[PDB]
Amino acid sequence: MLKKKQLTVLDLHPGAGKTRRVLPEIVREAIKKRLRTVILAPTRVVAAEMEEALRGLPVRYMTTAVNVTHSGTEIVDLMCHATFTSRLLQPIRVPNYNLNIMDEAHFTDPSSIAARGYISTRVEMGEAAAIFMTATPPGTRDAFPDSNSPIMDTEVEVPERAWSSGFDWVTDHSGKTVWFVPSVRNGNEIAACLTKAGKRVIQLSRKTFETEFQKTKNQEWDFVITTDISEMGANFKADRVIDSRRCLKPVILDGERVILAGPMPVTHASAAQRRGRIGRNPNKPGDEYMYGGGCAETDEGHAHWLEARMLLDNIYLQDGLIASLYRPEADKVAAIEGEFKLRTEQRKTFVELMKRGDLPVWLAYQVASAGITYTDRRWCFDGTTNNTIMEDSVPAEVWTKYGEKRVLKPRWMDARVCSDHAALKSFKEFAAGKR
């Protein structure tokens, strides 16, 4: 694995021990060979579980998720996928790692795709080695891979709305269920229905994941209602998965706006990771996977791959060269390498709109490429009437930084800034000049 110009896909089945058994063996070998190594965790939750699996090995935890005192001698760094891509984009020296390990390397967030593109390009150049750890590499067609114990797979109608009858199997269960929903708002409705039926429910999404995930350990629960974020190495002591088999697809229309299309079918990889939450205990056969639709390759034309190209166009590689997407996922976008390359000041703006602005990549790019500076929020108000953002069926309103009440009507409409109450709250604070 560890020889330069090698990229290895460690594709053992979910629960095969890639993170807790294989990764420490790789890390020990890497330290023996004096390879400057980076380990990329998808989430802070996985970063913390990695510290336990790697404990005693000299690893620098580049995350506040781990409360350790680093010796200063470590040649192995551990950080989140997003932190890697963030540091590449910022005016900060990222070491030229000899070995690049990405855990949960199926993660389809733009920063994860960009990180794979950067790493795979360095390997192709002959500069580095890489290991991508995932049961479900890009283009996998197998939604039902092997497991530690037999799974009961059942195709069944799964509710996506509150229900009164017809789904007794949902509530008759006496164990613990992880339920994959296509959105936060959809999970809110299902969670309310279960809570009304006397169930204890925890809800997980990207913005709440670290905090809320700890509830799965610290309190008794009957259901976890989760978006696709729990595909990224989230482990539950569960005996059933209910999978809508649906997700939202961000789609750029006419190069002009982003909509959240669907819900529509998940990929085979997503379905295999959702299922893969259970069947993990070789002493507990007959965990259940109930699935409510088929799979499709909904990553094709999905905005995250175009957003990854905007990130990679703005990362220095060598002179004017630009990193390519990782070959197996490179056809998922119709993009021209370099088309999103920004001049110095516009690039800095782009980075800050993502890092401090917390705006989606596509929206950050529209603003920066228009020659708008980070603190200039006029664009949040001067869009067409059809870009009016609604709050409970009325136009959303903010007080501008000037103290004027205005309708939120962004010049560029990206549905992710108002996908749920928390998103819209964050975007209101942005339009108001509060960050």
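Numbering starts at 1 and runs along the sequence shown.
Comparing 250-258 with 194-202, which has the greater mean CA B-factor as deposited? The entry gives the higher C-alpha B-factor average to 250-258.
When the Cα temperature factors in the entry are averaged, is it 72-80 or 266-274 that ends up higher? Taking the mean C-alpha B-factor of 266-274 and of 72-80, the larger value falls to 72-80.
Highest Cα B-factor in the PDB entry belongs to which of 183, 112, 147, 90? Answer, based on the entry's C-alpha B-factors: 90.
From the list 308, 295, 317, 354, select the residue with the highest C-alpha B factor recorded in the entry. Most elevated C-alpha B-factor of the set, per the entry: 317.
Ranked against its chain, the third holding the CA B-factor of residue 380: It falls in the bottom third of the chain.
Split into thirds by Cα B-factor across the chain's modelled residues, where does residue 40 land: lowest, middle or highest? For residue 40, whose C-alpha B-factor we compare with every modelled residue in the chain, the answer is the lowest third.
What third of the chain does residue 170 rank in for C-alpha temperature factor, lowest, middle or highest? Lowest third.
What third of the chain, by the recorded C-alpha B-factor, contains residue 289? Lowest third.
Is the Cα B-factor recorded for residue 159 in the lowest, middle or highest third of its chain? For residue 159, the deposited C-alpha B-factor lands in the middle third.
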